[PDB]
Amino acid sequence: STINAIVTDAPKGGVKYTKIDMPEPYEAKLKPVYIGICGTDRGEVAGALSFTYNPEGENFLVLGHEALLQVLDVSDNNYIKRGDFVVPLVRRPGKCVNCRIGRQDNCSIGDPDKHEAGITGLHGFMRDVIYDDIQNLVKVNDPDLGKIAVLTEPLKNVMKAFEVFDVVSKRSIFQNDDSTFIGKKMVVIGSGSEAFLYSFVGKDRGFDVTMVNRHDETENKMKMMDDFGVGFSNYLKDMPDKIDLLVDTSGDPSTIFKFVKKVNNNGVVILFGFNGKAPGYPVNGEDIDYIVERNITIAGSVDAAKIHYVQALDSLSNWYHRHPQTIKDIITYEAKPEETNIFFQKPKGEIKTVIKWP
């Protein structure tokens, strides 16, 4: 069958909205409503990522992994039906001990055990028709969420990261002697989509949060943060210290390690940003000593499990029913598929750009 789709030739690069031949084999058939894009989609189009590739036999890869889909047809089951809106899983499991319990996000082997829709050998979701198995679909249960549900994928990564935070913070009593997180200080390096999502969950877990960047911020972003009780600071003018939770979305060694030197005893550092091109920063013996004497834990986190998608939907609902303006304002452009230039340049004031599908 012939259908419309946004494809790349991974890892060589390029993007075209075009026609392709997708035949059927499956438990469910779906179509897109919205599909977000992130740095990775752009990295794929730029040919900056060596780990991506087309599915076996084929010479293109359908882009798109941040999806909100609609069930057109479905097998016989007690969980979803025609008309239901769903978020598909990006990462699908291999055979390892972690994959086989639904924690492909903690895949013990890496590629080629696990695979990612739109990224590694699995067609993405920017195409008219999509076949899948029921278990790779997560039901949206809040009817008022609508398009905001497209933020699930970016948000699940945050929920897994926070899982990892909950795990490693058990090495000591991380809380105050009154049992709470009151006055505990979170700092998020960066002020884009992911940082925004980190900051909001942080707020829900009870931290005082403060996003940060190497420049002032738009009045758009500034107001959003205030709406969620989230501070901001240009670190070139006012450097925070005494940090209990450091989360990095920059990927820049120089910036990560300068903030690490502000981390409190028993502080946790979450590394989350890719930046393969970031310049090297010289980590010295004094830096190591600082980490050791303070029992600091630095943890890299990638992707997440199905359960985290569920958690993410629930949080989007709650935040939507309390600050709907600010949540809507996360999405900063909605785009036609033909508008393939969004993969090459960042619109003005972008936070999250999405593609509205016809």
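Heads up: residue numbers just count along the shown sequence, starting at 1.
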For this session: Mind giving me a quick count class for deposited residues absent from the model between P25 and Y26? Options are none, 1 to 3, 4 to 9, 10 or more.
Result: 1 to 3
Problem set entry | Given 38 to 46 and 324 to 332, the range whose Cα B-factors average higher in the PDB entry | 324 to 332
Exercise. Do the C-alpha atoms of 280 to 288 or of 169 to 177 have the higher average B factor in the entry?
Worked result: 280 to 288
Problem set entry | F257, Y198, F274, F207, ranked by C-alpha B-factor: the highest one | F274
Exercise. Reading the B-factor column of the entry, which of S193, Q104, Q135, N220 has the highest value at its C-alpha atom?
Worked result: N220
For this session: Could you look up the Cα B-factor of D314 in the entry and say which third of the chain it sits in: lowest, middle or highest?
Result: middle
Seminar exercise, completed: On the chain's distribution of Cα B-factors, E116 falls within the third called lowest
Exercise. Going by the entry, which third of its chain does the Cα temperature factor of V164 land in?
Worked result: lowest
For this session: Select lowest, middle or highest to describe the third in which the CA B-factor of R91 falls within its chain in this entry.
Result: lowest
Exercise. What third of its chain, lowest, middle or highest, does the C-alpha temperature factor of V212 fall into?
Worked result: middle
